[PDB]
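One file, run.txt, carrying compact mmCIF, C-alpha atoms and all ligand atoms:
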# COMPACT_ATOMS: atom_id res chain seq x y z
CA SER E 1 112.62 98.16 -133.47
CA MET E 2 113.26 98.27 -129.65
CA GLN E 3 111.13 95.11 -129.36
CA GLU E 4 113.22 93.36 -132.03
CA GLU E 5 116.37 94.38 -130.22
CA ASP E 6 114.97 92.80 -127.00
CA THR E 7 114.36 89.64 -128.99
CA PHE E 8 117.94 89.49 -130.12
CA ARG E 9 119.24 90.34 -126.65
CA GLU E 10 117.23 87.39 -125.30
CA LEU E 11 118.67 85.19 -128.07
CA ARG E 12 122.22 86.12 -127.10
CA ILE E 13 121.53 85.40 -123.44
CA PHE E 14 120.18 81.98 -124.38
CA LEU E 15 123.14 81.24 -126.61
CA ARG E 16 125.75 82.29 -124.04
CA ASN E 17 124.08 80.01 -121.51
CA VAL E 18 124.06 77.00 -123.83
CA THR E 19 127.65 77.70 -124.91
CA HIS E 20 128.84 78.04 -121.28
CA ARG E 21 127.29 74.71 -120.39
CA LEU E 22 129.16 73.07 -123.25
CA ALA E 23 132.42 74.83 -122.46
CA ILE E 24 132.51 73.71 -118.85
CA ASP E 25 132.01 70.07 -119.77
CA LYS E 26 135.34 68.26 -119.35
CA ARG E 27 134.69 66.18 -122.48
CA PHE E 28 134.64 69.32 -124.61
CA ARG E 29 137.79 70.99 -123.41
CA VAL E 30 139.48 70.39 -126.68
CA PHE E 31 136.77 72.45 -128.45
CA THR E 32 137.06 75.41 -126.08
CA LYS E 33 139.92 77.22 -127.82
CA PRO E 34 141.30 77.51 -131.30
CA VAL E 35 144.09 75.07 -132.32
CA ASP E 36 147.58 76.58 -131.68
CA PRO E 37 148.95 78.14 -134.91
CA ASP E 38 152.42 76.60 -134.74
CA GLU E 39 151.76 73.61 -132.46
CA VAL E 40 149.44 71.99 -135.05
CA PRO E 41 150.78 73.68 -138.21
CA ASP E 42 148.84 71.52 -140.70
CA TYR E 43 145.42 72.30 -139.06
CA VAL E 44 144.73 75.58 -140.87
CA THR E 45 145.64 73.88 -144.21
CA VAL E 46 143.20 70.95 -143.82
CA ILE E 47 140.57 73.00 -141.94
CA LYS E 48 139.51 76.13 -143.83
CA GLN E 49 136.96 77.37 -141.36
CA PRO E 50 138.21 76.71 -137.86
CA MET E 51 135.59 77.03 -135.14
CA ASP E 52 135.59 76.57 -131.35
CA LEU E 53 133.47 77.62 -128.37
CA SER E 54 135.48 80.72 -127.51
CA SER E 55 134.99 81.92 -131.12
CA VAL E 56 131.28 81.13 -130.75
CA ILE E 57 131.17 83.34 -127.62
CA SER E 58 132.88 86.20 -129.48
CA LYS E 59 130.42 85.83 -132.38
CA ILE E 60 127.49 85.96 -130.02
CA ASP E 61 128.83 89.16 -128.47
CA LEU E 62 129.47 90.65 -131.95
CA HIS E 63 125.79 90.05 -132.73
CA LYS E 64 126.61 87.60 -135.51
CA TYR E 65 123.87 85.15 -134.65
CA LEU E 66 120.32 86.31 -135.35
CA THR E 67 118.81 82.84 -135.05
CA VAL E 68 119.50 79.53 -133.24
CA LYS E 69 119.80 77.96 -136.65
CA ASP E 70 122.77 80.15 -137.42
CA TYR E 71 124.40 79.27 -134.04
CA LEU E 72 123.86 75.58 -134.71
CA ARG E 73 125.66 75.83 -138.05
CA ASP E 74 128.74 76.85 -136.08
CA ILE E 75 128.24 74.00 -133.55
CA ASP E 76 127.88 71.69 -136.58
CA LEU E 77 131.13 73.18 -137.93
CA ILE E 78 133.04 72.36 -134.70
CA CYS E 79 131.85 68.81 -135.12
CA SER E 80 132.42 68.37 -138.84
CA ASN E 81 135.86 69.91 -138.53
CA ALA E 82 136.79 67.34 -135.86
CA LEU E 83 135.50 64.42 -137.97
CA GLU E 84 137.33 65.66 -141.00
CA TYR E 85 140.66 66.39 -139.35
CA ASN E 86 140.70 63.25 -137.11
CA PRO E 87 139.38 60.57 -139.37
CA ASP E 88 141.64 57.56 -138.35
CA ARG E 89 140.67 54.34 -136.53
CA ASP E 90 143.32 55.15 -133.93
CA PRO E 91 141.99 55.71 -130.40
CA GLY E 92 143.14 59.33 -130.27
CA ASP E 93 141.04 60.13 -133.34
CA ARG E 94 138.15 57.99 -132.22
CA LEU E 95 138.02 59.78 -128.85
CA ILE E 96 137.88 63.29 -130.35
CA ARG E 97 135.27 62.18 -132.92
CA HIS E 98 133.17 60.75 -130.13
CA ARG E 99 133.52 63.91 -128.12
CA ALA E 100 132.63 66.04 -131.23
CA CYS E 101 129.49 64.05 -131.79
CA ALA E 102 128.67 64.35 -128.10
CA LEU E 103 129.08 68.13 -128.26
CA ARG E 104 126.74 68.32 -131.26
CA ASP E 105 124.21 65.99 -129.69
CA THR E 106 124.30 67.84 -126.37
CA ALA E 107 123.77 71.25 -127.98
CA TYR E 108 120.85 69.94 -130.03
CA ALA E 109 119.33 68.24 -126.97
CA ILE E 110 119.58 71.36 -124.82
CA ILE E 111 118.03 73.38 -127.58
CA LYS E 112 115.23 70.87 -128.13
CA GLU E 113 114.30 71.02 -124.47
CA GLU E 114 114.80 74.74 -123.82
CA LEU E 115 114.35 76.78 -127.01
CA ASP E 116 110.72 77.89 -127.55
CA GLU E 117 109.88 77.12 -131.16
CA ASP E 118 107.85 80.39 -131.44
CA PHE E 119 110.85 82.35 -130.17
CA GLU E 120 113.01 80.86 -132.91
CA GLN E 121 110.30 81.47 -135.50
CA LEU E 122 110.23 85.14 -134.52
CA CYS E 123 113.99 85.41 -134.80
CA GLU E 124 113.90 83.85 -138.21
CA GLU E 125 111.14 86.21 -139.40
CA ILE E 126 113.00 89.31 -138.19
CA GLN E 127 116.19 88.05 -139.94
CA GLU E 128 114.28 87.30 -143.17
CA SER E 129 112.91 90.91 -143.02
CA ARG E 130 116.42 92.44 -143.21
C1 LIG H 201 140.65 70.56 -132.38
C2 LIG H 201 141.58 69.51 -132.44
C3 LIG H 201 142.66 69.48 -131.54
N1 LIG H 201 143.61 68.43 -131.58
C4 LIG H 201 144.74 68.44 -130.63
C5 LIG H 201 145.64 69.55 -131.00
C6 LIG H 201 146.37 69.72 -129.72
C7 LIG H 201 145.26 69.50 -128.66
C8 LIG H 201 144.71 70.81 -128.09
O1 LIG H 201 144.39 71.65 -129.23
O2 LIG H 201 144.23 68.75 -129.32
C9 LIG H 201 143.50 67.45 -132.49
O3 LIG H 201 144.29 66.51 -132.56
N2 LIG H 201 142.45 67.45 -133.38
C10 LIG H 201 141.50 68.48 -133.37
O4 LIG H 201 140.61 68.36 -134.19
Produce structure tokens that represent the structure in this file.
Ligand SMILES: Cc1cn([C@H]2CC[C@@H](CO)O2)c(=O)[nH]c1=O
Amino acid sequence: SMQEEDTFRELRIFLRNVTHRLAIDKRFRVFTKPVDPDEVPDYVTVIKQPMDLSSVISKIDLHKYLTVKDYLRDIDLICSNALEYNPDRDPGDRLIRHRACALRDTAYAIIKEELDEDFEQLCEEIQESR
């Protein structure tokens, strides 16, 4: 319905806002774009489902997220990808892992403070009805 479409439009507005706030954080710069095809040639062979904040934005705009839970799976993916691909004790790896965890934690904290639980429940019920 028109009302359901307004729901989803509101969802997308909320998700763009959260995603923008993550993307402008200097700590998260490395997650803002996909990893360069040639310049890290082994990435796409270790990491089967690359994800980054620009790809999140495109997915929002393509109406791929019908719930916050679905968005958060992609935030979780950005994180798990970073922990998987940079697993070493070396400071380079430890910095990106820290930053990945901080991205995840920040997104969850923003959502905990600002997402109405009844709004999410609605989204989930509309999705489950399709
Ligand atoms: C997403 C990601 C990026 N990098 C390096 C690749 C080159 C630079 C910018 O992509 O950061 C890296 O070493 N590990 C990663 O998990």
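If all atoms listed in the file are the atoms counted, then among E:6, E:25, E:118, E:36 the closest residue to ligand LIG 201 (chain H) is E:36.
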Quick one: distance from CA of residue 110 (chain E) to CA of residue 9 (chain E) in Å, one decimal?
-> 19.1 Å
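Here the question is which of E:100, E:82, E:75, E:2 gets nearest to residue 35 (chain E) using all atoms listed in the file, and that residue is E:82.
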Report as number ranges by chain which protein, DNA and RNA residues come within 8 Å of ligand LIG 201 (chain H), using all atoms listed in the file.
-> E: 30-31, 33-36, 39-40, 43, 52, 81-83, 85-86, 92-93, 96
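Across the model, the gap from CA of residue 76 (chain E) to CA of residue 101 (chain E) is 9.2 Å.
Each of E:13, E:97, E:46, E:69 was checked against residue 127 (chain E) using only C-alpha atoms; the smallest atom-to-atom distance is that of E:69.
With only C-alpha atoms as the atoms that count, the minimum distance from residue 109 (chain E) to the choices E:22, E:89, E:79, E:10 is reached by E:22.
Those residues positioned at most 12 Å from (117.1, 72.4, -127.5) are residues 14, 15, 17, 18, 68, 69, 71, 72, 104, 105, 106, 107, 108, 109, 110, 111, 112, 113, 114, 115, 116, 117 and 120 of chain E, judged using only C-alpha atoms.
Computed from the coordinates, the CA of residue 21 (chain E) to CA of residue 90 (chain E) distance equals 28.7 Å.
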Among the residues E:74, E:4, E:124, E:88, the one that comes closest to residue 49 (chain E) [using only C-alpha atoms] | E:74
Compile the contact shell of residue 128 (chain E) as an mmCIF file with C-alpha atoms, in the frame of the given file: residues with an atom at most 12 Å away, counting only C-alpha atoms, same-chain residues fewer than 4 positions apart removed.
data_model
loop_
_atom_site.group_PDB
_atom_site.id
_atom_site.type_symbol
_atom_site.label_atom_id
_atom_site.label_comp_id
_atom_site.auth_asym_id
_atom_site.auth_seq_id
_atom_site.Cartn_x
_atom_site.Cartn_y
_atom_site.Cartn_z
ATOM 1 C CA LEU E 66 120.320 86.310 -135.350
ATOM 2 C CA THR E 67 118.810 82.840 -135.050
ATOM 3 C CA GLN E 121 110.300 81.470 -135.500
ATOM 4 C CA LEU E 122 110.230 85.140 -134.520
ATOM 5 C CA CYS E 123 113.990 85.410 -134.800
ATOM 6 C CA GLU E 124 113.900 83.850 -138.210
#
Within 9 Å of residue 57 (chain E) using all atoms listed in the file, minus same-chain residues under 6 positions, as a VMD selection string | chain E and resid 15 to 16 19 to 20
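Shortest atom-to-atom contact with residue 54 (chain E) among E:77, E:23, E:95, E:11: E:23, counting only C-alpha atoms.
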Padded axis-aligned box of region 74-79 of chain E (6 Å per side), centre and edge lengths, Å, one decimal, as AutoDock Vina command-line options:
--center_x 130.5 --center_y 72.8 --center_z -135.7 --size_x 17.2 --size_y 20.0 --size_z 16.4
